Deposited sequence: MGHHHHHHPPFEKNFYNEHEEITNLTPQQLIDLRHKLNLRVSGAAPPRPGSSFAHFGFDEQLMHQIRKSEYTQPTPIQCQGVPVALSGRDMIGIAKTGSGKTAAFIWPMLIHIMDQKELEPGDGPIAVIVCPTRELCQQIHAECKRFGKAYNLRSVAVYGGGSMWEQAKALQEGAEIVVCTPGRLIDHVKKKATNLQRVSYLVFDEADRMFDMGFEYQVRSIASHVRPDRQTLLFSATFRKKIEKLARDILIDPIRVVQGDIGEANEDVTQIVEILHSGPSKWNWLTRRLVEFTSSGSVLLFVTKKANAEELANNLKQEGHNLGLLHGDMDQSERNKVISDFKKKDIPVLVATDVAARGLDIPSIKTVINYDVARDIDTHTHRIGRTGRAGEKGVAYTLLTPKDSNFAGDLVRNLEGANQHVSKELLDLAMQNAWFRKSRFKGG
C-alpha cells in the first residue's frame, strides 16, 4: 500500500543476427541507418521486422501497413523502447517515428491487467495539435486492433463533453493535447494513476506553442518510474533541459542529417578534498600551457581571487576575470588572453563572456559548476571549435549529487565514465535506483 502497482518495461529479446554483429559491423549499421546514438548501454538496432520479434497479430496489421521494411528511426527506436528504456528521438516528420513509439506501446499495454471500471489509460501520447492528435489516434486504432486496444483522442478545439464521455467508457491509450488532458484530469473524467508509458511527440513544437508548463505538469503527475519517450525535430537547450528533468537515463537517437557536430573530450578526476586540487593543478599546469591557452573556472569571486593570487605567487603568468570588473578592465584581460600575452586565465561563470577563444586547449572546472547547464556552457569554451582541446573536471567525495548529473551528461556525449566516477554517483539512492 506504500507503492504504485508494479509493471514490466522490458519485453525485448535481441535477435541472434543482431547479437552476432561485431563491434565494427554495429558501427557500420548505425552509419548505414544514418543514426547517431548515445546514452548508457544502448540496445543495438535491428534492420528487419523479424529482429523486433513482433507476433502474428501485430505483423498482420503491419503488413496491411504502409511499411515494407522498418524505417531507420524504427530500427533503433523499437529496440530501445521494447527494452524498457527512456528515449530522446531527434527526428523529423514523418520518419516513421509515430509507429516507432506506438508498436512498443501496444506490447507494453498487453502485459498488464485489463482495465477495471474507473481505470485511466495505461499509455498517454501528448501532442501539440488537434491535427497530429487525430493522425496519431488513427494509427493507434489501426495497429491497436491487433490486440483490440481502445484509443481515445482528447484535444483542444474538440467537444469537451463527447471527449469526457469517451474517456468514461474506458481507454488503454489516450492521445491528447496537454491543456485538454489536464482539464479532463482535474474534472475527473479520467486520471493518470495507471499511466506507465508516456510519449511527448513534437516536444519542440509544444514548447513553441506555449505548452512547457502543461508538459511539465503532466510529467510531474505521472508515476516517476514510468517509461518516457520524447521526440523533437531539433535539439535546443530548452528541450535538453526538459529531457534531463522528465527522463531517466534515456538513449538518444539522432537522425544524421538533423544534428551535425562533435562532443568535447572530458576528463574527470576524483580528488581527496578541495585543498588537494592545488597540488593537482601545479603538477600539471605547465604541460597544459604547452598545448595552448588554459581557462580555469570557479563560481565565487573570492575563490577566483584566491586561486589567481596563489598562481601568481607560484610564478605563473595569468589573468583574472570576475564580475566586479569594469568594462575597460575586463577588455584588457580578455585581449591579453586572446593575443596570448597571458597563457592562463581564472574566471568566474558570471564574468566569462567573450572567451570563445580558439587557442583555449584546456578548460579546467576547478570548482564544481552550480548545475549541469553551467557545466556544459563552461566546457563549450574548449577547442573542438578546433579539436586538440580537453576539459578537465575536478570532483571530491562531497560532489556525489553533481557526479550523478555529470555521469548522465557524459553518457549522452559518449564520453568515458570512470569506475571511480560511477561509484561516487552510485552513493545516492535517487541515482542508484532510478538508474536504468
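Deposited residues without C-alpha coordinates, grouped into stretches that follow sequence order: Residues lacking C-alpha coordinates: 1 to 4, 266, 442 to 444.
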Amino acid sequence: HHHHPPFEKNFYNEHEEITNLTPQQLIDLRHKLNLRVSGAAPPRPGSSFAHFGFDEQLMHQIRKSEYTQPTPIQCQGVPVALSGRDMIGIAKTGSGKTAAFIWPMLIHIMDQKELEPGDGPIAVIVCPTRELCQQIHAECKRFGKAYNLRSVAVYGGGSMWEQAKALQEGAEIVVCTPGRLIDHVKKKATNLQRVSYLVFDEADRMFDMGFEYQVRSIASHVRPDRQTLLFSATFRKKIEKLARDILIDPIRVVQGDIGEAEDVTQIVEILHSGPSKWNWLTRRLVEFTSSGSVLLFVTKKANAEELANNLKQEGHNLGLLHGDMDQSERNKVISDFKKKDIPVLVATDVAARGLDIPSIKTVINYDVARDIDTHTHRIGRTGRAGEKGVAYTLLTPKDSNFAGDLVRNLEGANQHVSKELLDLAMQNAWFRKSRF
From here on, numbers count along this sequence of modelled residues.
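Residue stretch of maximal mean CA temperature factor, 228 to 236 vs 287 to 295: 228 to 236 has the higher mean C-alpha B-factor.
Greater mean Cα temperature factor according to the PDB record, 394 to 402 or 61 to 69: Per the PDB entry, the higher value belongs to 61 to 69.
Peak C-alpha temperature factor (PDB record), options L26, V37, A385, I372: Comparing C-alpha B-factors across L26, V37, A385, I372, the maximum falls on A385.
Candidate residues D86, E269, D326, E172, the one whose C-alpha B factor the record puts highest: That would be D326, according to the entry.
Within-chain third of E411 by Cα B-factor, per the entry: Answer is lowest: the recorded C-alpha B-factor places it there.
Where the record places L132 (Cα B-factor, split into thirds across the chain): Within its chain, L132 is a highest-third residue by C-alpha B-factor, going by the deposited values.
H31 by Cα B-factor - lowest, middle or highest third of the modelled chain: Middle third - that is where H31 ends up once the chain's C-alpha B-factors are sorted.
Ranked against its chain, the third holding the CA B-factor of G389: Within its chain, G389 is a highest-third residue by C-alpha B-factor, going by the deposited values.
Modelled-residue ranking by C-alpha temperature factor, third containing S220: Highest third, going by the recorded CA B-factors of the chain.
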